[PDB]
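Reviewing the structure listed below.
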Amino acid sequence: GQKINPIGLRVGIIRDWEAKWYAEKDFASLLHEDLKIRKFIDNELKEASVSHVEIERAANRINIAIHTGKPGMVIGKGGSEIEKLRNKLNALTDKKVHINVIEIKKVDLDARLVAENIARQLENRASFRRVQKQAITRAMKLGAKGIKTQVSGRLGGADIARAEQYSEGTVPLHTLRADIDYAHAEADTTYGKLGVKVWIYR
Amino acid sequence: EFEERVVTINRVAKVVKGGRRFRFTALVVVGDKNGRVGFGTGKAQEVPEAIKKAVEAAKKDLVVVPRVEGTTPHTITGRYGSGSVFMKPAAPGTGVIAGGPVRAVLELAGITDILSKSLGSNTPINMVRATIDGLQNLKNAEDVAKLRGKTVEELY
Amino acid sequence: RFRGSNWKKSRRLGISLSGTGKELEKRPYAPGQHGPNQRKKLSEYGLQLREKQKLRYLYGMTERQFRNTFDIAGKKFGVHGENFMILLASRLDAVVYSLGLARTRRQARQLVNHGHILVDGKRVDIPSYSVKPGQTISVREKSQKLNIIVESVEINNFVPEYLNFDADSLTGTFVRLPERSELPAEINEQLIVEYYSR
RNA sequence: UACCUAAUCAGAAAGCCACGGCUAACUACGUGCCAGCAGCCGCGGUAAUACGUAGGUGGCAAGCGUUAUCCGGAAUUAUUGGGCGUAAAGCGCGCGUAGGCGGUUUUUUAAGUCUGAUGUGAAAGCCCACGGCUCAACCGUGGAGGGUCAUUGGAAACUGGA
């Protein structure tokens with residue numbers, strides 16, 4: 001059961017890439033600055049509702065746009081953190097080309113917002129199935145499918161590793177255009193290093 | 001409208017090719033909220049769709065249980081399988097308690113004057129089959145009067 | 001007479017009728033061992049034995065000591081089914097549960113000395129008193145005004161039938177005929193009217 | 001020197017058992033096929049709260065585990081409570097009256113079903129009540145009162161035998 005859902009070759013007609021820039025010599029350098037600016041925005045995002053990235057630095061228009069779901073206090077009360085982001089990006093290198101924001105329609109479509117309401121109780125080793133049976137029905141009301149509760153070992157609070165087969169729905173992967181979210185994310189809260197086999201789909 | 005008693009949902013740890021198939025056999029009493037017993041077992045992945053599955057496929061296994069004047073017409077038994085039962089009469093204006101076997105047999109017969117009896121074992125698959133064996137073997141007032149074929153007040 | 005906790009009467013039995021709130025701070029689920037599991041269904045003979053155990057914690061006299069109680073609720077002519085609730089209210093706990101001395105039955109059995117006892121003449125320090133048409137279950141001359149006898153004199157306004165109680169008196173001498181349906185109805189009647197017979 | 005409300009000194013309902021249970025019942029240590037536990041279960045070759053100590057818990061009642069003796073258990077020489085085959089059941093014995101028992105119409109003189117001498121109708125008997133001993137043994141009612149002691153002499157077209 002290594003169902004990884006090869007989306008890499010599945011996307012490319014609707015789901016391109018987050019970073020876009022015309023390069024080949026500045027590619028590695030541009031990619032080096034991409035992760036360099038991602039080491040400060042990830043600590044400022046505080047696990048925000050970010051679906052994709054709008055880093056379109058092609059045609060001399062470099063801008064590290066961050067979705068961050070709905071504009072809350074992340075940008076500051078009236079863009080008060082946008083002026084403080086200048087030095088933030090100025091401390092890294094010398095970019096700071098006015099990063100923009102994007103209003104994400106249907107915020108509960110990624111596997112981050114669904115893991116912040118049904119997988120947020122797993123941090124205190126609590127409900128990991130009762131609350132994991134929910135949200136998929138809410139995702140069905142939105143128009144999509146949702147996530148599928150799954151595990152390979154350490155089932156909730158137990159010293160004995162146990163698997164599962166609670167797949168509420170299937171996942172289409174026989175097509176070469178199928179669009180799948182597949183937003184993987186784990187947290188090490190004094191539990192140990194382990195991998196899960198959770199399956200998601202648009 | 002219908003007193004459906006869903007006792008439990010027996011699960012099974014299938015050890016077939018698949019990692020661990022989950023088959024919930026939702027158990028629910030198919031009572032008509034009057035005096036019939038009713039018993040049906042499902043085998044669907046959805047308990048709600050499985051509980052009604054046995055209620056729409058097994059709803060003719062009930063038996064009409066009449067009442068004299070608020071007391072069991074006859075103290076019947078139950079010799080079907082291991083688990084057995086017994087019909088104990090009580091006053092019309094009384095009640096029931098907890099501690100023993102199944103509770104969805106005399107509770108369906110809204111009379112509050114019958115004591116549900118079933119020793120046998122804990123297995124709830126051969127203990128409810130003996131309850132319908134005695135319910136169908138119950139002796140009524142006229143039912144026994146026809147057996148002799150004389151008068152109702154000539155066989156007591 | 002049980003010499004134990006008086007809080008397991010509403011856990012092992014299904015008819016306590018001794019206190020208003022008891023499952024408010026407790027756990028009203030099933031039994032003790034499998035308290036977090038499901039409940040069961042009282043058996044034919046079990047329901048008649050559960051009521052006996054339920055009345056075992058309620059009535060002061062236990063197995064063999066309540067001979068008269070069971071003997072008056074069986075051979076005695078009349079509604080045999082409701083004979084366990086009719087010929088069983090002739091105890092000394094009824095007077096304390098009708099005048100306003102003790103809210104419980106165990107405390108009412110110990111209220112035959114601290115509270116009103118002198119029933120218009122010869123008294124009795126037992127759990128049952130011979131209160132008939134002519135007996136006035138009152139207090140003594142030295143124990144005229146007690147603390148447990150005049151405790152809830154104004155706290156217990158509503159009184160029961162066939163009972164009398166006033167201020168600085170608490171002497172019961174009303175009707176001698178009581179009601180056979182003026183008690184809690186949770187146990188079976190014919191079941192105990194047949195099982196007892198055996 | 002009963003029940004006893006009285007002097008009102010302070011004279012103590014503890015207990016042993018199952019505890020994963022069956023069957024209302026447990027936590028830590030110590031054990032680790034050594035020993036224990038040990039009706040039913042079984043638990044002991046390592047994580048036996050089943051073991052032994054401590055804190056305990058369910059039960060019941062001045063105590064508790066034990067030994068031999070009826071019946072709940074359940075019909076189990078079946079009687080309500082047995083087949084005439086796998087169950088609990090094919091005498092291979094083909095030829096013969098054990099009086100156990102197998103249509104004979106009509107037909108009989110009364111084997112018979114429900115009436116009749118009744119006085120008697122008593123009883124460590126269930127007496128319809130009947131006396132109190134608080135927890136114990138405090139006993140009169142022969143007609144009532146059944147536990148009487150009117151059930152044909154009798155109405156024949158009829159087990160096996162015409």
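Chain labels run A, B, ... following the order of the structure tokens; each chain numbers its residues from 1, and ligands are numbered from 1 in the order shown.
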Using only C-alpha atoms, which chain C residues lie at most 10 Å away from chain B, written as JSON, numbers by chain? {"C": [12, 13, 14, 15, 30, 31, 38, 39, 40, 41, 42, 43, 44, 45, 46, 47, 48, 50, 51, 81, 82, 181, 184, 185, 186, 187, 188, 189, 190, 191, 192, 193, 194, 195]}
Region 88-132 of chain A: residues DSSP assigns to helix (DSSP H, G or I), reported as an mmCIF file with N, CA and C atoms, in the first residue's frame:
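Written file, states32.cif:
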```
data_model
loop_
_atom_site.group_PDB
_atom_site.id
_atom_site.type_symbol
_atom_site.label_atom_id
_atom_site.label_comp_id
_atom_site.auth_asym_id
_atom_site.auth_seq_id
_atom_site.Cartn_x
_atom_site.Cartn_y
_atom_site.Cartn_z
ATOM 1 N N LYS A 88 13.143 43.039 6.637
ATOM 2 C CA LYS A 88 13.156 41.562 6.820
ATOM 3 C C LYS A 88 13.834 40.907 5.612
ATOM 4 N N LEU A 89 13.394 41.260 4.399
ATOM 5 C CA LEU A 89 13.974 40.693 3.152
ATOM 6 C C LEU A 89 15.302 41.396 2.845
ATOM 7 N N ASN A 90 15.489 42.608 3.378
ATOM 8 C CA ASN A 90 16.738 43.386 3.153
ATOM 9 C C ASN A 90 17.863 42.788 4.004
ATOM 10 N N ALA A 91 17.506 42.136 5.116
ATOM 11 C CA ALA A 91 18.503 41.513 6.017
ATOM 12 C C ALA A 91 19.065 40.246 5.363
ATOM 13 N N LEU A 92 18.221 39.517 4.626
ATOM 14 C CA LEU A 92 18.643 38.266 3.940
ATOM 15 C C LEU A 92 19.652 38.610 2.839
#
```
Taking only C-alpha atoms into account and nothing else, which residues of chain A lie no more than 10 Å away from chain B? Please answer as a PDB file with N, CA and C atoms, in the first residue's frame.
```
ATOM      1  N   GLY A   1       0.828  -1.222   0.000  1.00  0.00           N
ATOM      2  CA  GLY A   1       0.000   0.000   0.000  1.00  0.00           C
ATOM      3  C   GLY A   1       0.852   1.257   0.000  1.00  0.00           C
ATOM      4  N   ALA A 163      -1.883  -0.354  12.041  1.00  0.00           N
ATOM      5  CA  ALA A 163      -2.255   0.279  10.753  1.00  0.00           C
ATOM      6  C   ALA A 163      -3.764   0.546  10.735  1.00  0.00           C
ATOM      7  N   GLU A 164      -4.324   0.809   9.550  1.00  0.00           N
ATOM      8  CA  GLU A 164      -5.781   1.085   9.418  1.00  0.00           C
ATOM      9  C   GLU A 164      -6.199   0.949   7.950  1.00  0.00           C
ATOM     10  N   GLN A 165      -7.504   1.057   7.680  1.00  0.00           N
ATOM     11  CA  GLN A 165      -8.041   0.948   6.296  1.00  0.00           C
ATOM     12  C   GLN A 165      -9.343   1.750   6.199  1.00  0.00           C
ATOM     13  N   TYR A 166      -9.429   2.861   6.938  1.00  0.00           N
ATOM     14  CA  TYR A 166     -10.638   3.727   6.931  1.00  0.00           C
ATOM     15  C   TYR A 166     -10.563   4.699   5.750  1.00  0.00           C
TER      16      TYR A 166
END
```
I'd like the neighbourhood of residue 57 (chain B) as a PDB file with N, CA and C atoms, in the first residue's frame, where a residue qualifies if any of its atoms comes within 10 Å (using only C-alpha atoms (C1' of nucleotides)), though same-chain residues fewer than 5 positions away should be ignored.
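Final output, saved to result07.pdb:
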```pdb
ATOM      1  N   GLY B  40     -32.885  -8.858  13.568  1.00  0.00           N
ATOM      2  CA  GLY B  40     -32.233  -8.808  12.243  1.00  0.00           C
ATOM      3  C   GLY B  40     -30.775  -8.396  12.355  1.00  0.00           C
ATOM      4  N   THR B  41     -29.908  -8.989  11.529  1.00  0.00           N
ATOM      5  CA  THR B  41     -28.454  -8.669  11.551  1.00  0.00           C
ATOM      6  C   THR B  41     -28.008  -8.207  10.159  1.00  0.00           C
ATOM      7  N   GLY B  42     -27.223  -7.126  10.099  1.00  0.00           N
ATOM      8  CA  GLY B  42     -26.723  -6.588   8.819  1.00  0.00           C
ATOM      9  C   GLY B  42     -25.277  -6.983   8.575  1.00  0.00           C
ATOM     10  N   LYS B  52     -30.944  -0.847   8.841  1.00  0.00           N
ATOM     11  CA  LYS B  52     -32.232  -0.822   8.097  1.00  0.00           C
ATOM     12  C   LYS B  52     -32.244  -1.965   7.075  1.00  0.00           C
TER      13      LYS B  52
END
```
Applying 10 Å and only C-alpha atoms (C1' of nucleotides), which residues near residue 122 (chain A) remain after dropping the ones on its own chain fewer than 4 positions away? List them as a PyMOL selection string. chain A and resi 115-116+118+126-129+131-132+156-157+187+189
Taking only C-alpha atoms (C1' of nucleotides) into account, produce a table as JSON lines in which each residue of chain D with an atom at most 12 Å from an atom of chain C appears once, together with its shortest atom pair and the distance in Å to one decimal, ordered by chain and rising number.
```
{"residue": "D:3", "atom": "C1'", "partner": "C:124", "partner_atom": "CA", "distance": 7.5}
{"residue": "D:4", "atom": "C1'", "partner": "C:124", "partner_atom": "CA", "distance": 8.6}
{"residue": "D:5", "atom": "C1'", "partner": "C:113", "partner_atom": "CA", "distance": 5.4}
{"residue": "D:6", "atom": "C1'", "partner": "C:142", "partner_atom": "CA", "distance": 10.6}
{"residue": "D:13", "atom": "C1'", "partner": "C:3", "partner_atom": "CA", "distance": 7.5}
{"residue": "D:14", "atom": "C1'", "partner": "C:3", "partner_atom": "CA", "distance": 10.2}
{"residue": "D:19", "atom": "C1'", "partner": "C:33", "partner_atom": "CA", "distance": 10.0}
{"residue": "D:20", "atom": "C1'", "partner": "C:33", "partner_atom": "CA", "distance": 11.6}
{"residue": "D:21", "atom": "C1'", "partner": "C:33", "partner_atom": "CA", "distance": 11.1}
{"residue": "D:23", "atom": "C1'", "partner": "C:33", "partner_atom": "CA", "distance": 11.5}
{"residue": "D:24", "atom": "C1'", "partner": "C:12", "partner_atom": "CA", "distance": 7.6}
{"residue": "D:25", "atom": "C1'", "partner": "C:33", "partner_atom": "CA", "distance": 7.1}
{"residue": "D:26", "atom": "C1'", "partner": "C:33", "partner_atom": "CA", "distance": 10.4}
{"residue": "D:57", "atom": "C1'", "partner": "C:33", "partner_atom": "CA", "distance": 9.7}
{"residue": "D:58", "atom": "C1'", "partner": "C:32", "partner_atom": "CA", "distance": 9.1}
{"residue": "D:59", "atom": "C1'", "partner": "C:2", "partner_atom": "CA", "distance": 11.3}
{"residue": "D:60", "atom": "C1'", "partner": "C:2", "partner_atom": "CA", "distance": 8.4}
{"residue": "D:61", "atom": "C1'", "partner": "C:2", "partner_atom": "CA", "distance": 7.6}
{"residue": "D:62", "atom": "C1'", "partner": "C:1", "partner_atom": "CA", "distance": 11.5}
{"residue": "D:72", "atom": "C1'", "partner": "C:45", "partner_atom": "CA", "distance": 11.5}
{"residue": "D:126", "atom": "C1'", "partner": "C:75", "partner_atom": "CA", "distance": 11.1}
{"residue": "D:128", "atom": "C1'", "partner": "C:77", "partner_atom": "CA", "distance": 11.7}
{"residue": "D:134", "atom": "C1'", "partner": "C:126", "partner_atom": "CA", "distance": 7.8}
{"residue": "D:135", "atom": "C1'", "partner": "C:65", "partner_atom": "CA", "distance": 8.3}
```
Please provide as an MDAnalysis selection string all residues within 8 Å of residue 45 (chain B), with the sequence filter that same-chain residues fewer than 2 positions apart are discarded (counting only C-alpha atoms (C1' of nucleotides)). chainID B and resid 22:24 43 47 50
So which residues touch residue 111 (chain D) within 12 Å, counting only C-alpha atoms (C1' of nucleotides), skipping near sequence neighbours fewer than 2 positions away, as number ranges by chain? D: 156, 158-159
Any chance you could export the current selection's C-alpha atoms (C1' of nucleotides) as a PDB file, in the first residue's frame?
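Heads up, here's the output in selection_5.pdb:
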```pdb
ATOM      1  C1'   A D 156     -78.040 -50.817  27.673  1.00  0.00           C
ATOM      2  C1'   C D 158     -71.659 -50.862  23.230  1.00  0.00           C
ATOM      3  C1'   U D 159     -62.876 -52.507  25.211  1.00  0.00           C
TER       4        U D 159
END
```
Just to confirm, what's the straight-line distance from CA of residue 177 (chain C) to CA of residue 133 (chain C) in Å (one decimal)? 8.5 Å
Mind checking which residues fall within 12 Å of residue 152 (chain B), counting only C-alpha atoms (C1' of nucleotides), ignoring those fewer than 5 positions away in the same chain, and posting them as number ranges by chain? B: 140-147
Expected file: the selected residues, N, CA and C atoms, as a PDB file, in the first residue's frame:
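Contents of selection.pdb, as written:
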```pdb
ATOM      1  N   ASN B 140     -52.841 -18.936  24.542  1.00  0.00           N
ATOM      2  CA  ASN B 140     -53.811 -17.822  24.726  1.00  0.00           C
ATOM      3  C   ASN B 140     -55.081 -18.359  25.396  1.00  0.00           C
ATOM      4  N   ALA B 141     -56.043 -17.469  25.662  1.00  0.00           N
ATOM      5  CA  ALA B 141     -57.309 -17.842  26.335  1.00  0.00           C
ATOM      6  C   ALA B 141     -58.194 -18.632  25.367  1.00  0.00           C
ATOM      7  N   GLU B 142     -58.454 -18.063  24.186  1.00  0.00           N
ATOM      8  CA  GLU B 142     -59.297 -18.737  23.165  1.00  0.00           C
ATOM      9  C   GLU B 142     -58.457 -19.788  22.433  1.00  0.00           C
ATOM     10  N   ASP B 143     -57.172 -19.491  22.206  1.00  0.00           N
ATOM     11  CA  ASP B 143     -56.239 -20.395  21.482  1.00  0.00           C
ATOM     12  C   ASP B 143     -56.338 -21.807  22.074  1.00  0.00           C
ATOM     13  N   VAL B 144     -56.367 -21.904  23.408  1.00  0.00           N
ATOM     14  CA  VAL B 144     -56.458 -23.219  24.111  1.00  0.00           C
ATOM     15  C   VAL B 144     -57.924 -23.662  24.150  1.00  0.00           C
ATOM     16  N   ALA B 145     -58.865 -22.716  24.075  1.00  0.00           N
ATOM     17  CA  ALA B 145     -60.301 -23.080  24.110  1.00  0.00           C
ATOM     18  C   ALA B 145     -60.668 -23.857  22.841  1.00  0.00           C
ATOM     19  N   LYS B 146     -60.058 -23.502  21.705  1.00  0.00           N
ATOM     20  CA  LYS B 146     -60.335 -24.210  20.426  1.00  0.00           C
ATOM     21  C   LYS B 146     -59.728 -25.616  20.485  1.00  0.00           C
ATOM     22  N   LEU B 147     -58.578 -25.756  21.153  1.00  0.00           N
ATOM     23  CA  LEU B 147     -57.892 -27.070  21.280  1.00  0.00           C
ATOM     24  C   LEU B 147     -58.891 -28.114  21.791  1.00  0.00           C
TER      25      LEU B 147
END
```
